[PDB]
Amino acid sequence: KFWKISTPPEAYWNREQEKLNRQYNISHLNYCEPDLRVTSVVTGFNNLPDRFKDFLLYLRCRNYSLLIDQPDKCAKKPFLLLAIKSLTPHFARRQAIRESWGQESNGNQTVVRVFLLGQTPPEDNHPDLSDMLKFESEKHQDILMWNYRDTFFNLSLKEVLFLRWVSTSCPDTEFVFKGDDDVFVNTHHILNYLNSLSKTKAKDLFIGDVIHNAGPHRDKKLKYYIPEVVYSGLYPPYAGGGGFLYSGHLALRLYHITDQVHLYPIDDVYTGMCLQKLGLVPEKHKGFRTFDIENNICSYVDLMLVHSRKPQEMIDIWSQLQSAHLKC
């Protein structure tokens, strides 16, 4: 017996995910009243931070409604769909993107853009910016908003509901980029990389800054902290950072398999789990510079995205980039 250090608990996620695999080889998808069982099953439940309590309690609900929609966003077959994760108060970040690399363009290559939002509700001491979000939505017509609590641990929900929106409203798009609103993207380089793709490599395309043999952080005071009570083992290969790039074909496969993967607090890992269940490994690509602080305008020519750029820098870097095929 383990009298020294306590027995390592069986994690609630792994236990429920194997339970879910047998079911497949809907009480986990639309059950939206609190699942109070976890308060007994999960050891040490009442000391877990509040985000962990909410995640476990509402993990089996994902049929949230679309409050703001852009139905005609793909009335023309998109070659590339830009899906930017954003929060309600980030009006500056979103507008810089509309003016820089997030520009919608059109010849046979139509590029369209949407911003993915939840709610920042008053119960969480957020300022009421809803009427402003509507005005922004009527003006630019690129706001998607569902009625879930847009929190860090609900980002898997943001993934699934976006994928569901793809399947139900933009399934014809040839390609899909998804990422953060504080990243700079060389949409020129992307469209070039996309147009250089063999139809073979294009069908199952998924590329980004893939991290292998990673594990949940157990340091309680860290952002990406997951205790062994929640998840045990190592993460699958997953493309993290502020963006990855994939085909619309794989997007439909990703959506269908989401029903078979329980939500996970780290969204970029969840998309890797779905990739695993489909039999695929994300493709690491050197142009996905997760790291790089900051001139050197030639560097931005060679890359696909750099992480952490302020709204002014996004428009500055994109302005220089326009004539960059002379300075480099």
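Numbering starts at 1 and follows the sequence shown. So that the term is clear: the rigid core is the largest set of C-alpha atoms that superpose within 1.5 Å between two forms.
Where the structures in 9 other deposited structures of this protein are fitted on the rigid core, 285-293 is the one of 285-293 and 40-48 whose C-alphas sit farther from the shown form on average.
Averaged as a root mean square over residues and superposed structures in 9 other deposited structures of this protein, CA distances to the shown form are larger in 241-249; the pair compared was 163-171 and 241-249 with a core fit.
According to the entry, the deposited sequence has 10 or more residues without coordinates between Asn25 and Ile26. The modelled chain breaks after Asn106 and resumes at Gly107, leaving 1 to 3 residues of the deposited sequence without coordinates. Between the stretches 213-221 and 116-124, it is 213-221 that shows the larger average CA temperature factor. For the two regions 230-238 and 248-256, the entry's Cα B-factors average higher over 230-238. The PDB entry gives the largest Cα B-factor of the residues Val269, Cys61, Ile293, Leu263 to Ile293.
Among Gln276, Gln70, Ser65, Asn47, the highest C-alpha B-factor in the deposited entry belongs to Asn47. Among the modelled residues of the chain, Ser196 sits in the middle third by CA temperature factor in this PDB entry. In the PDB entry, a CA B factor belonging to the highest third of its chain's modelled residues is recorded for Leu20. Annotation for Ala11: C-alpha temperature factor in the highest third relative to the rest of the modelled chain, per the entry.
Annotation for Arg309: C-alpha temperature factor in the middle third relative to the rest of the modelled chain, per the entry. Remark: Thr173 belongs to the middle third of its chain, ranked by C-alpha B-factor as recorded.
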